[PDB]
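Source file: start_6.pdb (PDB, N, CA and C atoms)
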```
ATOM      1  N   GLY M   1     -15.073 221.165 118.196  1.00  0.00           N
ATOM      2  CA  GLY M   1     -14.260 219.984 117.663  1.00  0.00           C
ATOM      3  C   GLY M   1     -14.799 218.596 117.808  1.00  0.00           C
ATOM      4  N   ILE M   2     -14.566 217.741 116.843  1.00  0.00           N
ATOM      5  CA  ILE M   2     -15.088 216.352 116.940  1.00  0.00           C
ATOM      6  C   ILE M   2     -13.988 215.412 117.427  1.00  0.00           C
ATOM      7  N   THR M   3     -12.778 215.634 117.006  1.00  0.00           N
ATOM      8  CA  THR M   3     -11.667 214.751 117.450  1.00  0.00           C
ATOM      9  C   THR M   3     -11.396 214.982 118.939  1.00  0.00           C
ATOM     10  N   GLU M   4     -12.049 215.951 119.529  1.00  0.00           N
ATOM     11  CA  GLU M   4     -11.847 216.209 120.985  1.00  0.00           C
ATOM     12  C   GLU M   4     -12.909 215.431 121.762  1.00  0.00           C
ATOM     13  N   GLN M   5     -14.138 215.493 121.329  1.00  0.00           N
ATOM     14  CA  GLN M   5     -15.209 214.740 122.035  1.00  0.00           C
ATOM     15  C   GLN M   5     -14.815 213.261 122.088  1.00  0.00           C
ATOM     16  N   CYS M   6     -13.900 212.855 121.247  1.00  0.00           N
ATOM     17  CA  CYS M   6     -13.464 211.431 121.239  1.00  0.00           C
ATOM     18  C   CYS M   6     -12.087 211.310 121.886  1.00  0.00           C
ATOM     19  N   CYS M   7     -11.172 212.156 121.511  1.00  0.00           N
ATOM     20  CA  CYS M   7      -9.813 212.085 122.104  1.00  0.00           C
ATOM     21  C   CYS M   7      -9.794 212.881 123.410  1.00  0.00           C
ATOM     22  N   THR M   8     -10.461 214.002 123.437  1.00  0.00           N
ATOM     23  CA  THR M   8     -10.507 214.814 124.685  1.00  0.00           C
ATOM     24  C   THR M   8     -11.637 214.283 125.573  1.00  0.00           C
ATOM     25  N   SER M   9     -12.499 213.472 125.019  1.00  0.00           N
ATOM     26  CA  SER M   9     -13.629 212.914 125.816  1.00  0.00           C
ATOM     27  C   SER M   9     -13.867 211.459 125.395  1.00  0.00           C
ATOM     28  N   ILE M  10     -15.095 211.015 125.394  1.00  0.00           N
ATOM     29  CA  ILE M  10     -15.370 209.606 124.986  1.00  0.00           C
ATOM     30  C   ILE M  10     -16.145 209.598 123.666  1.00  0.00           C
ATOM     31  N   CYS M  11     -16.021 208.544 122.903  1.00  0.00           N
ATOM     32  CA  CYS M  11     -16.743 208.472 121.600  1.00  0.00           C
ATOM     33  C   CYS M  11     -17.112 207.016 121.303  1.00  0.00           C
ATOM     34  N   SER M  12     -18.358 206.757 121.012  1.00  0.00           N
ATOM     35  CA  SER M  12     -18.781 205.358 120.720  1.00  0.00           C
ATOM     36  C   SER M  12     -19.123 205.217 119.234  1.00  0.00           C
ATOM     37  N   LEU M  13     -19.565 204.053 118.831  1.00  0.00           N
ATOM     38  CA  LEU M  13     -19.916 203.823 117.398  1.00  0.00           C
ATOM     39  C   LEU M  13     -21.031 204.778 116.960  1.00  0.00           C
ATOM     40  N   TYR M  14     -21.665 205.426 117.889  1.00  0.00           N
ATOM     41  CA  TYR M  14     -22.765 206.361 117.521  1.00  0.00           C
ATOM     42  C   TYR M  14     -22.204 207.769 117.376  1.00  0.00           C
ATOM     43  N   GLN M  15     -21.369 208.163 118.287  1.00  0.00           N
ATOM     44  CA  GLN M  15     -20.786 209.518 118.228  1.00  0.00           C
ATOM     45  C   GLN M  15     -19.938 209.673 116.968  1.00  0.00           C
ATOM     46  N   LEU M  16     -19.170 208.677 116.620  1.00  0.00           N
ATOM     47  CA  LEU M  16     -18.329 208.813 115.394  1.00  0.00           C
ATOM     48  C   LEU M  16     -19.180 208.515 114.171  1.00  0.00           C
ATOM     49  N   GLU M  17     -20.230 207.760 114.328  1.00  0.00           N
ATOM     50  CA  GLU M  17     -21.091 207.490 113.155  1.00  0.00           C
ATOM     51  C   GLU M  17     -21.933 208.733 112.899  1.00  0.00           C
ATOM     52  N   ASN M  18     -22.110 209.545 113.906  1.00  0.00           N
ATOM     53  CA  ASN M  18     -22.896 210.791 113.718  1.00  0.00           C
ATOM     54  C   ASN M  18     -22.020 211.810 112.992  1.00  0.00           C
ATOM     55  N   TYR M  19     -20.798 211.444 112.702  1.00  0.00           N
ATOM     56  CA  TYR M  19     -19.884 212.381 112.005  1.00  0.00           C
ATOM     57  C   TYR M  19     -19.723 211.956 110.546  1.00  0.00           C
ATOM     58  N   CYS M  20     -19.973 210.712 110.255  1.00  0.00           N
ATOM     59  CA  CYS M  20     -19.862 210.243 108.850  1.00  0.00           C
ATOM     60  C   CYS M  20     -21.059 210.778 108.057  1.00  0.00           C
ATOM     61  N   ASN M  21     -20.815 211.481 106.986  1.00  0.00           N
ATOM     62  CA  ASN M  21     -21.949 212.031 106.188  1.00  0.00           C
ATOM     63  C   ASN M  21     -22.516 210.943 105.274  1.00  0.00           C
TER
ATOM     64  N   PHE A   1     -16.763 195.742 122.776  1.00  0.00           N
ATOM     65  CA  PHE A   1     -16.495 197.127 122.295  1.00  0.00           C
ATOM     66  C   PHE A   1     -17.352 198.118 123.084  1.00  0.00           C
ATOM     67  N   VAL A   2     -16.734 198.961 123.864  1.00  0.00           N
ATOM     68  CA  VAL A   2     -17.514 199.953 124.656  1.00  0.00           C
ATOM     69  C   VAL A   2     -17.000 201.361 124.352  1.00  0.00           C
ATOM     70  N   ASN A   3     -17.735 202.367 124.738  1.00  0.00           N
ATOM     71  CA  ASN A   3     -17.280 203.763 124.465  1.00  0.00           C
ATOM     72  C   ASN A   3     -15.803 203.886 124.851  1.00  0.00           C
ATOM     73  N   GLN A   4     -15.043 204.657 124.121  1.00  0.00           N
ATOM     74  CA  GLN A   4     -13.598 204.802 124.459  1.00  0.00           C
ATOM     75  C   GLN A   4     -13.051 206.104 123.868  1.00  0.00           C
ATOM     76  N   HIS A   5     -11.764 206.312 123.964  1.00  0.00           N
ATOM     77  CA  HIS A   5     -11.167 207.565 123.422  1.00  0.00           C
ATOM     78  C   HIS A   5     -10.442 207.258 122.109  1.00  0.00           C
ATOM     79  N   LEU A   6     -10.536 208.136 121.147  1.00  0.00           N
ATOM     80  CA  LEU A   6      -9.856 207.893 119.844  1.00  0.00           C
ATOM     81  C   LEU A   6      -9.717 209.198 119.063  1.00  0.00           C
ATOM     82  N   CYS A   7      -8.523 209.502 118.626  1.00  0.00           N
ATOM     83  CA  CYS A   7      -8.301 210.762 117.867  1.00  0.00           C
ATOM     84  C   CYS A   7      -7.839 210.443 116.439  1.00  0.00           C
ATOM     85  N   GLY A   8      -8.188 211.314 115.522  1.00  0.00           N
ATOM     86  CA  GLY A   8      -7.809 211.166 114.081  1.00  0.00           C
ATOM     87  C   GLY A   8      -7.450 209.725 113.720  1.00  0.00           C
ATOM     88  N   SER A   9      -6.219 209.353 113.918  1.00  0.00           N
ATOM     89  CA  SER A   9      -5.784 207.979 113.558  1.00  0.00           C
ATOM     90  C   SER A   9      -6.834 206.953 113.980  1.00  0.00           C
ATOM     91  N   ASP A  10      -6.799 206.535 115.213  1.00  0.00           N
ATOM     92  CA  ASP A  10      -7.788 205.518 115.673  1.00  0.00           C
ATOM     93  C   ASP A  10      -9.181 206.129 115.663  1.00  0.00           C
ATOM     94  N   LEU A  11      -9.269 207.411 115.471  1.00  0.00           N
ATOM     95  CA  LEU A  11     -10.602 208.054 115.458  1.00  0.00           C
ATOM     96  C   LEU A  11     -11.298 207.801 114.125  1.00  0.00           C
ATOM     97  N   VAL A  12     -10.635 208.015 113.020  1.00  0.00           N
ATOM     98  CA  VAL A  12     -11.331 207.771 111.731  1.00  0.00           C
ATOM     99  C   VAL A  12     -11.479 206.270 111.546  1.00  0.00           C
ATOM    100  N   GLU A  13     -10.621 205.497 112.151  1.00  0.00           N
ATOM    101  CA  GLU A  13     -10.770 204.026 112.037  1.00  0.00           C
ATOM    102  C   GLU A  13     -12.151 203.703 112.581  1.00  0.00           C
ATOM    103  N   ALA A  14     -12.436 204.238 113.733  1.00  0.00           N
ATOM    104  CA  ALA A  14     -13.771 204.047 114.343  1.00  0.00           C
ATOM    105  C   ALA A  14     -14.781 204.637 113.371  1.00  0.00           C
ATOM    106  N   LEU A  15     -14.569 205.865 112.971  1.00  0.00           N
ATOM    107  CA  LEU A  15     -15.481 206.496 111.986  1.00  0.00           C
ATOM    108  C   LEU A  15     -15.595 205.568 110.793  1.00  0.00           C
ATOM    109  N   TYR A  16     -14.513 204.928 110.493  1.00  0.00           N
ATOM    110  CA  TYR A  16     -14.465 204.015 109.340  1.00  0.00           C
ATOM    111  C   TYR A  16     -15.436 202.854 109.565  1.00  0.00           C
ATOM    112  N   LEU A  17     -15.188 202.043 110.557  1.00  0.00           N
ATOM    113  CA  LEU A  17     -16.097 200.894 110.827  1.00  0.00           C
ATOM    114  C   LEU A  17     -17.540 201.393 110.957  1.00  0.00           C
ATOM    115  N   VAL A  18     -17.791 202.315 111.850  1.00  0.00           N
ATOM    116  CA  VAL A  18     -19.181 202.830 112.006  1.00  0.00           C
ATOM    117  C   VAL A  18     -19.753 203.115 110.627  1.00  0.00           C
ATOM    118  N   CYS A  19     -19.119 203.976 109.901  1.00  0.00           N
ATOM    119  CA  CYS A  19     -19.608 204.304 108.540  1.00  0.00           C
ATOM    120  C   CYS A  19     -18.600 203.816 107.493  1.00  0.00           C
ATOM    121  N   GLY A  20     -17.432 204.397 107.463  1.00  0.00           N
ATOM    122  CA  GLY A  20     -16.402 203.959 106.476  1.00  0.00           C
ATOM    123  C   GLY A  20     -16.771 204.425 105.063  1.00  0.00           C
ATOM    124  N   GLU A  21     -17.571 203.663 104.365  1.00  0.00           N
ATOM    125  CA  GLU A  21     -17.947 204.041 102.969  1.00  0.00           C
ATOM    126  C   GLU A  21     -18.802 205.313 102.958  1.00  0.00           C
ATOM    127  N   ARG A  22     -19.237 205.777 104.096  1.00  0.00           N
ATOM    128  CA  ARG A  22     -20.077 207.010 104.112  1.00  0.00           C
ATOM    129  C   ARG A  22     -19.178 208.248 104.167  1.00  0.00           C
ATOM    130  N   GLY A  23     -17.936 208.078 104.530  1.00  0.00           N
ATOM    131  CA  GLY A  23     -17.008 209.244 104.594  1.00  0.00           C
ATOM    132  C   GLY A  23     -17.416 210.176 105.736  1.00  0.00           C
ATOM    133  N   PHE A  24     -16.463 210.662 106.486  1.00  0.00           N
ATOM    134  CA  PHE A  24     -16.791 211.570 107.619  1.00  0.00           C
ATOM    135  C   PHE A  24     -16.042 212.892 107.462  1.00  0.00           C
ATOM    136  N   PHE A  25     -16.360 213.857 108.282  1.00  0.00           N
ATOM    137  CA  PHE A  25     -15.677 215.178 108.181  1.00  0.00           C
ATOM    138  C   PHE A  25     -14.359 215.141 108.961  1.00  0.00           C
ATOM    139  N   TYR A  26     -14.357 214.561 110.131  1.00  0.00           N
ATOM    140  CA  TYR A  26     -13.101 214.506 110.930  1.00  0.00           C
ATOM    141  C   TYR A  26     -12.434 215.883 110.905  1.00  0.00           C
ATOM    142  N   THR A  27     -13.058 216.857 111.506  1.00  0.00           N
ATOM    143  CA  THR A  27     -12.471 218.227 111.520  1.00  0.00           C
ATOM    144  C   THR A  27     -11.391 218.313 112.603  1.00  0.00           C
ATOM    145  N   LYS A  28     -10.439 219.193 112.439  1.00  0.00           N
ATOM    146  CA  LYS A  28      -9.356 219.325 113.457  1.00  0.00           C
ATOM    147  C   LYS A  28      -9.401 220.733 114.070  1.00  0.00           C
ATOM    148  N   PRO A  29      -9.722 220.808 115.340  1.00  0.00           N
ATOM    149  CA  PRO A  29      -9.798 222.095 116.057  1.00  0.00           C
ATOM    150  C   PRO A  29      -8.392 222.607 116.386  1.00  0.00           C
ATOM    151  N   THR A  30      -7.763 223.272 115.454  1.00  0.00           N
ATOM    152  CA  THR A  30      -6.392 223.797 115.709  1.00  0.00           C
ATOM    153  C   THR A  30      -6.464 225.303 115.972  1.00  0.00           C
TER
END
```
Kindly present the structure from the file in structure tokens form.
Amino acid sequence: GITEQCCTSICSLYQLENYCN
Amino acid sequence: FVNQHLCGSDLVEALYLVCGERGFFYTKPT
């Protein structure tokens, strides 16, 4: 899951930008 | 702005600013 690495963990402008195609 | 927690709502917002016009998958592990 990706919404977990951010909501269940931490997420920066790079982690969420690594999800935008 | 430092690393933080964000899900769907505030999560795609972040996905939005980071990319936004690039569109993201934002999958939901249900």
Under the rule of at most 7 Å, produce a per-residue listing of chain A near chain M: chain, number, name, the closest pair of atoms, and the distance in Å, as a tab-separated table, using only N, CA and C atoms.
```
residue	atom	partner	partner_atom	distance
A:2	C	M:12	CA	5.7
A:3	CA	M:12	CA	4.3
A:4	C	M:11	N	4.0
A:5	CA	M:6	C	4.2
A:6	N	M:6	C	3.6
A:7	N	M:7	CA	4.5
A:8	N	M:3	CA	5.3
A:14	C	M:16	CA	5.8
A:15	CA	M:16	C	4.7
A:16	N	M:16	C	6.9
A:18	CA	M:17	CA	5.2
A:19	N	M:17	CA	5.2
A:20	N	M:20	CA	6.5
A:22	C	M:21	C	4.4
A:23	C	M:21	N	3.8
A:24	CA	M:20	CA	3.6
A:25	N	M:19	C	4.5
A:26	N	M:19	C	6.0
A:27	C	M:2	N	5.3
A:28	C	M:1	CA	6.1
A:29	N	M:1	CA	5.2
```
Could you please write out, as number ranges by chain, every residue of chain M that DSSP assigns to helix (DSSP H, G or I)? M: 2-7
Could you check how far atom N of residue 1 of chain A sits from atom CA of residue 13 of chain A, in Å to one decimal?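 That distance, rounded to one decimal, is 14.8 Å.
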Grab all the atoms of segment 2-5 of chain A that the file lists, wrap them in a box along x, y and z, add 8 Å per side, and give me centre plus edge lengths in Å (one decimal) as lines of an AutoDock Vina configuration file.
```
center_x = -14.1
center_y = 203.3
center_z = 123.5
size_x = 23.3
size_y = 24.6
size_z = 18.7
```
May I ask for the distance between atom N of residue 17 of chain A and atom N of residue 30 of chain A, given in Å to one decimal place? 23.0 Å
Mind filling out segment 2-21 of chain M with N, CA, C and O atoms and sending it as a PDB file, keeping the file's coordinate frame?
```
ATOM      1  N   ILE M   2     -14.566 217.741 116.843  1.00  0.00           N
ATOM      2  CA  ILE M   2     -15.088 216.352 116.940  1.00  0.00           C
ATOM      3  C   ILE M   2     -13.988 215.412 117.427  1.00  0.00           C
ATOM      4  O   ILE M   2     -14.234 214.492 118.181  1.00  0.00           O
ATOM      5  N   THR M   3     -12.778 215.634 117.006  1.00  0.00           N
ATOM      6  CA  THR M   3     -11.667 214.751 117.450  1.00  0.00           C
ATOM      7  C   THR M   3     -11.396 214.982 118.939  1.00  0.00           C
ATOM      8  O   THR M   3     -10.619 214.281 119.555  1.00  0.00           O
ATOM      9  N   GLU M   4     -12.049 215.951 119.529  1.00  0.00           N
ATOM     10  CA  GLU M   4     -11.847 216.209 120.985  1.00  0.00           C
ATOM     11  C   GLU M   4     -12.909 215.431 121.762  1.00  0.00           C
ATOM     12  O   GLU M   4     -12.623 214.768 122.736  1.00  0.00           O
ATOM     13  N   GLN M   5     -14.138 215.493 121.329  1.00  0.00           N
ATOM     14  CA  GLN M   5     -15.209 214.740 122.035  1.00  0.00           C
ATOM     15  C   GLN M   5     -14.815 213.261 122.088  1.00  0.00           C
ATOM     16  O   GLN M   5     -15.333 212.495 122.877  1.00  0.00           O
ATOM     17  N   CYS M   6     -13.900 212.855 121.247  1.00  0.00           N
ATOM     18  CA  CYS M   6     -13.464 211.431 121.239  1.00  0.00           C
ATOM     19  C   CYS M   6     -12.087 211.310 121.886  1.00  0.00           C
ATOM     20  O   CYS M   6     -11.854 210.454 122.718  1.00  0.00           O
ATOM     21  N   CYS M   7     -11.172 212.156 121.511  1.00  0.00           N
ATOM     22  CA  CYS M   7      -9.813 212.085 122.104  1.00  0.00           C
ATOM     23  C   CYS M   7      -9.794 212.881 123.410  1.00  0.00           C
ATOM     24  O   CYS M   7      -9.202 212.474 124.389  1.00  0.00           O
ATOM     25  N   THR M   8     -10.461 214.002 123.437  1.00  0.00           N
ATOM     26  CA  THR M   8     -10.507 214.814 124.685  1.00  0.00           C
ATOM     27  C   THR M   8     -11.637 214.283 125.573  1.00  0.00           C
ATOM     28  O   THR M   8     -11.730 214.605 126.741  1.00  0.00           O
ATOM     29  N   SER M   9     -12.499 213.472 125.019  1.00  0.00           N
ATOM     30  CA  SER M   9     -13.629 212.914 125.816  1.00  0.00           C
ATOM     31  C   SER M   9     -13.867 211.459 125.395  1.00  0.00           C
ATOM     32  O   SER M   9     -12.942 210.742 125.069  1.00  0.00           O
ATOM     33  N   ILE M  10     -15.095 211.015 125.394  1.00  0.00           N
ATOM     34  CA  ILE M  10     -15.370 209.606 124.986  1.00  0.00           C
ATOM     35  C   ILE M  10     -16.145 209.598 123.666  1.00  0.00           C
ATOM     36  O   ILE M  10     -16.845 210.536 123.340  1.00  0.00           O
ATOM     37  N   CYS M  11     -16.021 208.544 122.903  1.00  0.00           N
ATOM     38  CA  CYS M  11     -16.743 208.472 121.600  1.00  0.00           C
ATOM     39  C   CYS M  11     -17.112 207.016 121.303  1.00  0.00           C
ATOM     40  O   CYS M  11     -16.277 206.133 121.342  1.00  0.00           O
ATOM     41  N   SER M  12     -18.358 206.757 121.012  1.00  0.00           N
ATOM     42  CA  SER M  12     -18.781 205.358 120.720  1.00  0.00           C
ATOM     43  C   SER M  12     -19.123 205.217 119.234  1.00  0.00           C
ATOM     44  O   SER M  12     -18.988 206.146 118.464  1.00  0.00           O
ATOM     45  N   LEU M  13     -19.565 204.053 118.831  1.00  0.00           N
ATOM     46  CA  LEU M  13     -19.916 203.823 117.398  1.00  0.00           C
ATOM     47  C   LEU M  13     -21.031 204.778 116.960  1.00  0.00           C
ATOM     48  O   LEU M  13     -21.309 204.930 115.785  1.00  0.00           O
ATOM     49  N   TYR M  14     -21.665 205.426 117.889  1.00  0.00           N
ATOM     50  CA  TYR M  14     -22.765 206.361 117.521  1.00  0.00           C
ATOM     51  C   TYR M  14     -22.204 207.769 117.376  1.00  0.00           C
ATOM     52  O   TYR M  14     -22.528 208.491 116.454  1.00  0.00           O
ATOM     53  N   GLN M  15     -21.369 208.163 118.287  1.00  0.00           N
ATOM     54  CA  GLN M  15     -20.786 209.518 118.228  1.00  0.00           C
ATOM     55  C   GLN M  15     -19.938 209.673 116.968  1.00  0.00           C
ATOM     56  O   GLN M  15     -19.984 210.687 116.300  1.00  0.00           O
ATOM     57  N   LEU M  16     -19.170 208.677 116.620  1.00  0.00           N
ATOM     58  CA  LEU M  16     -18.329 208.813 115.394  1.00  0.00           C
ATOM     59  C   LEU M  16     -19.180 208.515 114.171  1.00  0.00           C
ATOM     60  O   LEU M  16     -18.908 208.994 113.087  1.00  0.00           O
ATOM     61  N   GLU M  17     -20.230 207.760 114.328  1.00  0.00           N
ATOM     62  CA  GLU M  17     -21.091 207.490 113.155  1.00  0.00           C
ATOM     63  C   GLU M  17     -21.933 208.733 112.899  1.00  0.00           C
ATOM     64  O   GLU M  17     -22.394 208.974 111.801  1.00  0.00           O
ATOM     65  N   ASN M  18     -22.110 209.545 113.906  1.00  0.00           N
ATOM     66  CA  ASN M  18     -22.896 210.791 113.718  1.00  0.00           C
ATOM     67  C   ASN M  18     -22.020 211.810 112.992  1.00  0.00           C
ATOM     68  O   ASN M  18     -22.437 212.913 112.703  1.00  0.00           O
ATOM     69  N   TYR M  19     -20.798 211.444 112.702  1.00  0.00           N
ATOM     70  CA  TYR M  19     -19.884 212.381 112.005  1.00  0.00           C
ATOM     71  C   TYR M  19     -19.723 211.956 110.546  1.00  0.00           C
ATOM     72  O   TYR M  19     -19.395 212.755 109.688  1.00  0.00           O
ATOM     73  N   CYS M  20     -19.973 210.712 110.255  1.00  0.00           N
ATOM     74  CA  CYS M  20     -19.862 210.243 108.850  1.00  0.00           C
ATOM     75  C   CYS M  20     -21.059 210.778 108.057  1.00  0.00           C
ATOM     76  O   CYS M  20     -22.199 210.567 108.418  1.00  0.00           O
ATOM     77  N   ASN M  21     -20.815 211.481 106.986  1.00  0.00           N
ATOM     78  CA  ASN M  21     -21.949 212.031 106.188  1.00  0.00           C
ATOM     79  C   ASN M  21     -22.516 210.943 105.274  1.00  0.00           C
ATOM     80  O   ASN M  21     -23.453 211.235 104.550  1.00  0.00           O
TER      81      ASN M  21
END
```
